[PDB]
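Enquirer: Protein chains in written order, with PDB author numbering: chain A, 1 to 491; chain H, 3438 to 3928.
Protein chains: 2
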Amino acid sequence: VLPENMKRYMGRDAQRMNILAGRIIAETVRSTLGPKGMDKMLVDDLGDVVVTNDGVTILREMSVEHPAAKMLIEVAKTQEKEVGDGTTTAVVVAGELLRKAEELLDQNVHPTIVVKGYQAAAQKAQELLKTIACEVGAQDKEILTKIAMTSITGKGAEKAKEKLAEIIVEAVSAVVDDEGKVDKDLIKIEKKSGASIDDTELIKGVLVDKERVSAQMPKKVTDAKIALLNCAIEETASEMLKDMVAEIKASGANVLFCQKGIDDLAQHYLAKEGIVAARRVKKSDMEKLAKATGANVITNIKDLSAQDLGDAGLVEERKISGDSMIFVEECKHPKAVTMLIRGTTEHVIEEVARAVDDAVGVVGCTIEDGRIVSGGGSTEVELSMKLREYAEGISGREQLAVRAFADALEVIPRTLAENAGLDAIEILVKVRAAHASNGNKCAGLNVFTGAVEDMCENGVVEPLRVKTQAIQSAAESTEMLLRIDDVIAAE
Amino acid sequence: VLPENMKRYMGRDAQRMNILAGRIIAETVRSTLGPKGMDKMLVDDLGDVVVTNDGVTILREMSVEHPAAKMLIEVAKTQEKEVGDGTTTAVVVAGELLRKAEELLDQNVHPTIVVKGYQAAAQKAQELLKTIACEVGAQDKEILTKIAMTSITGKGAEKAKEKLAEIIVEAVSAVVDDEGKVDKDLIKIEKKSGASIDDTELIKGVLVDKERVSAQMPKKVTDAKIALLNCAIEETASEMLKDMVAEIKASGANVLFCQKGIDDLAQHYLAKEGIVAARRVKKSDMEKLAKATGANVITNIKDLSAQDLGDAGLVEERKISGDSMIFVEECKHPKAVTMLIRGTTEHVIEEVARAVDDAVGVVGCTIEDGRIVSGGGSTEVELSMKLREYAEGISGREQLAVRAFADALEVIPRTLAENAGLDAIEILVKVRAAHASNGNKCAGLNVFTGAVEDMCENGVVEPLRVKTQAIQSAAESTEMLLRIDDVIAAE
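Here it is in structure tokens:
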């Protein structure tokens, strides 16, 4: 009935393909998982070389064929949008869930029963996390740097996770404002080669990659009066063109950022009036500058008045790696800040720029929702234990899926230890026993010691949202996947 | 899962390919390294023949495939942008670092341990260089010519490194201004065949490749009044066109550089008023002329006034290799100078022009940061010794990588001696022993004597930045490379 070119999978072949497809992704990314995990090199169709460990980035760059692997990516993308972290980690346990789920179908457990088991175990797993979830100060310096640093680790940049934590915690806490929701757009991620990662620095203002449009304009302005015009300073005839500049002067403005171009005659008039200016300014930069200086974005040059001017304590042209850039700093009430990332190579400042973007994310997560959980696999051990107990309370056929769900959550502690160079068997014997007795804040694996320790006391913590959202999205995707027995794909 | 055409390397094959890729580049360029090193001929897709020894130039011209070789180039490009020199040298030791690093991975030393070892050794290597770093006068004539000359050597032009050092040290020191940052754009590199390399000469003013637009205009102007107009001298009707010229005259201007064209009628009016002029002037030349004469760049011809005129003591049309060029010299306060490179062939003045560009770079480096180090491999011997000692203080597994790092730094002294025609074994036995006892300023290899000598006393020194930045960028790239275990490249 169907047209030649349309393809179809069904029954165990559809389910086998679907489980294998998701498994392949999970097995691919789990190699970057953990402090002792490795990195990946993603090279595009032009030769552009990217260095990362992020599962999502890897999945966005790779071109997938199988729908099952595409759905696992959709989970990874939601995990990115919703939390930012837990990306790589969530994918791995999802593959395991599917790996084991197939056996349950092979054991003649109806897919709706496996779904019921995973649905039940995940609903209890959320309450379990909320039960052990540790409430902390939303703006607490210490825990904010503990979240920040643990997120930073496993990267070449971790050597400076202390400086990076201080930079991100400082920038974020300020731009949070109310209690609360933080906008990452208020923290600009700028990268310029030169110096090292410890030299990365936060400027409470806006750094733009612009220069002084005229040699005759000042290179430094104190108590700067910033004007923001999106209309090009270009007028037929010198009298009308001069009028434009005369209004900027008359308004008291002496720094001028034009979103569009500036006629060379206008650049002359600007330089004549002692007005320093830059043309072809990015709309985003026009916005950050308004938010920093408190300048009012003006459309028509004629409309610009003194009341529209923004304030900056210092506007100065400085060279970074030779490139001329403008620092707009010491503004009255800047709502925007700029983090300048330093490093010895383009790829170093590239990956660091990615690392600190995430650091902002996870710090913002902790401030927005003041609940965190103990890391080092301690939570996953809690869940395995209590879900094994719950499985007995569940009974019927569903217990088998609930039992397997709890076991599947162990693949993460297992992969961490494997990559750490530890025997997952000996680890789990000591960690699981030590966890059950000592508790949740007195457990997990310290891969740097090679033994069970106190992850919470060691500052090894992650935002609650990481663990809870990971379970929600991952569980629903694998339950859905199991429901499909027949896929029809047009070419 | 991945599309047909996408390629992938993983595990030891990825790491083997990556180490081999970087090694190939290092082995290719190291043949130009040293006073007794050879030159390379780079020929483009049209047949254009380039003669150079510069690793960066070679790497920019060559078309690389492997990402690993591309990352080593990124180091070489940062080395160029940041320091200018140390290009070829930095690449070589980087290849060795990777060559040895592979064995450590083969010896089951986790890549993070090798990274820790290199990270530790490089951090100590910086302090070691800062410990032996010699502070010198930022504008000291003598050491500026010593830096200059040592950079010049290994080139056919070294026969005149004394004249070249004097030329570059003179030009740079002036355009430095404050303490300080030097702009290389204030020293123009002009090349015109004829004479020899000893005939290369600096003119404290601006030399442009322009001629007298009219046969009726003067070929020599004394106490010249220079006008700089970017608007073409072309007006509908003779009265309006004449007005333009009448304003130039009225302003007192008698030399006229127009960025755009000049109507033949205007050229007549200009010649009639005794005004000498050149049209179609390059924007860069309009800028250098403003900086030299102190002329104010005027947009509208009508706007030109007497106060906008720049001063030149002498503006004269002279022929070099037959070509008519204008010398604008003896200006009041010229901020720009021009170095005219002479030589017996196009390729001679080409490579010399490259050699003196670098000479400006390295002299500027010494003035900007008044720290230098002893050359002839003395530093690298210092580092090998102290890092071998530190390795013992490091202990654990990391010592193995620190030990190998210190040894890898020796490949440079080794390659210099090989190309010098010396037995690196006998050299290192005498140099290393003589260095450890006599010190840092009483060592290194004199490849011209064929024995250990005093490189510092012999004037064989290089800027600190050369050695320190080389370690920073190179160490980070090789540490990153080691971290990647899996590369996926789209076609």
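For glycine and all other residues, C-beta sits at the position ideal for the given N, C-alpha and C.
Is the beta carbon of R3834/H closer than 8 Å to that of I3624/H?
Expert: No, the Cβ-Cβ distance between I3624/H and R3834/H is not below 8 Å.
Enquirer: What are the residues that DSSP puts in a beta bridge with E3638/H?
Expert: Bridge partners of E3638/H: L3777/H.
Enquirer: For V3924/H, which residues in chain A fall below 9 Å Cβ to Cβ?
Expert: Result: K40, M41, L42, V43 and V49.
Enquirer: What are the boundary residues of the beta strand (DSSP E) that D223/A is part of?
Expert: Note, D223/A: beta strand (DSSP E), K220 to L229.
Enquirer: Please tell me whether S63/A has its Cβ less than 8 Å away from any Cβ of chain H.
Expert: It does; some Cβ of chain H falls within 8 Å.
Enquirer: Around the C-beta of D3660/H, are 16 or more other C-beta atoms found within 10 angstroms, so that it is buried, or is it exposed?
Expert: So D3660/H ends up on the exposed side.
Enquirer: In whole angstroms, give me the CA-to-CA distance for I25/A and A3926/H.
Expert: Their Cα atoms are separated by approximately 17 Å.
Enquirer: Return the Cβ separation of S3630/H and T3782/H in integer angstroms, given the expectation that the two are a contact with Cβ distance under 8 Å.
Expert: Confirmed, Cβ separation roughly 7 Å.
Enquirer: Between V3493/H and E3511/H, how many whole angstroms is the CB-CB distance? I'm expecting something under 8 Å.
Expert: Not really, about 11 Å apart at Cβ, beyond 8 Å.
Enquirer: Tell me the DSSP secondary structure of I233/A in three-state form.
Expert: Reduced to three states, the DSSP call for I233/A is strand.
Enquirer: Between which two residues does the beta strand (DSSP E) carrying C3802/H extend?
Expert: Unbroken run through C3802/H is the alpha helix (DSSP H), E3783 to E3805; no beta strand (DSSP E).
Enquirer: In the structure shown, what three-state DSSP assignment does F448/A receive?
Expert: Coil at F448/A, not helix or strand.
Enquirer: Whether or not the segment 3794 to 3808 of chain H and the segment 3519 to 3527 of chain H are in contact is what I'm after, with contact meaning three or more pairs of Cβ atoms, one per stretch, closer than 8 Å; do they touch?
Expert: Yes: the two stretches touch, three or more of their Cβ pairs being nearer than 8 Å.
Enquirer: With 8 Å set as the bound, which would you pick, yes or no: does the beta-carbon of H3547/H sit closer than that to a beta-carbon of chain A?
Expert: At least one chain A Cβ lies under 8 Å of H3547/H.
Enquirer: May I ask you to report which of helix, strand or coil DSSP gives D3476/H?
Expert: Coil.
Enquirer: Is the separation between the beta-carbon of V3752/H and that of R3649/H shorter than 8 Å?
Expert: No, Cβ-Cβ distance for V3752/H and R3649/H is not below 8 Å.
Enquirer: Going along chain H, which residues have a C-beta under 8 Å from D423/A?
Expert: Those do not exist, as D423/A stays about 15 Å from chain H at its closest Cβ, beyond 8 Å.
Enquirer: Assuming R8/A is part of the beta strand (DSSP E), what are its boundary residues?
Expert: Taken as a continuous stretch (DSSP letters only), the beta strand (DSSP E) holding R8/A covers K7 to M10.
Enquirer: Locate the alpha helix (DSSP H) running through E102/A, then write down its first and last residues.
Expert: Residues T87 to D106.
Enquirer: Under three-state DSSP, which class holds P3/A?
Expert: Coil at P3/A, not helix or strand.
Enquirer: With 7 Å as the limit, tell me which residues of the segment 3899 to 3920 of chain H have their beta carbon closer than that to any beta carbon of chain A; keep them in chain order.
Expert: Taking 7 Å as the Cβ-Cβ cut-off against chain A, the residues of the segment 3899 to 3920 of chain H that qualify are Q3909, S3910, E3913, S3914, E3916, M3917 and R3920.
Enquirer: Since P3548/H sits in a beta bridge, which residues does DSSP pair it with?
Expert: Answer is none; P3548/H lacks a bridge partner.
Enquirer: What residues in the segment 192 to 224 of chain A have a beta carbon less than 7 Å from any beta carbon of chain H?
Expert: Listed by position, the residues of the segment 192 to 224 of chain A near chain H (Cβ gap below 7 Å) are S193, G194 and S196.
Enquirer: How about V3609/H and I3804/H: are their beta carbons less than 8 Å apart?
Expert: Result yes, Cβ atoms of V3609/H and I3804/H sit closer than 8 Å.
Enquirer: In terms of DSSP beta bridges, what is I3763/H paired with?
Expert: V3645/H and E3754/H.
Enquirer: Are any of the Cβ atoms in chain H nearer than 8 Å to that of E346/A?
Expert: It does; some Cβ of chain H falls within 8 Å.
Enquirer: For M455/A, is the classification buried or exposed, using 16 other Cβ atoms within 10 angstroms of its Cβ as the cut-off for buried?
Expert: Under this definition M455/A is a buried residue.
Enquirer: Here's a check: name, in chain order, each residue in its chain whose Cβ is nearer than 7 Å to the Cβ of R3755/H, leaving out the five neighbours to either side.
Expert: The answer, listed in chain order, is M3762 and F3764.
Enquirer: Would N3895/H count as contacting chain A if we go by Cβ distances under 8 Å?
Expert: With 8 Å as the cut-off, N3895/H does not count as an interface residue toward chain A.
Enquirer: Please go through the same chain and pick out, in chain order, the residues whose beta-carbon is closer than 7 Å to the beta-carbon of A3570/H, but skip the five residues on each side of it.
Expert: These residues qualify, in order along the chain: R3808, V3810 and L3901.
Enquirer: Please name the residue or residues paired with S3811/H in a DSSP beta bridge.
Expert: Answer by DSSP bridge pairing, in chain order: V3898/H.
Enquirer: Quick one: list the residues of chain A neighbouring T3736/H, beta-carbon separation under 7 Å, in chain order.
Expert: Correct list: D264, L265 and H268.
Enquirer: Smallest Cα separation from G3698/H: which of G3711/H, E3671/H and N3691/H?
Expert: The option with the nearest alpha carbon to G3698/H is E3671/H.
Enquirer: Using a beta-carbon distance cut-off of less than 8 Å, what residues from the segment 276 to 309 of chain A approach chain H?
Expert: Here the close residues number zero.
Enquirer: Return the CA-CA distance between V429/A and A451/A, expressed in angstroms with no decimal places.
Expert: Distance between the alpha carbons of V429/A and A451/A is about 11 Å.
Enquirer: What residues of chain H sit near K159/A, judged by a beta carbon separation below 8 Å?
Expert: Simply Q3556.
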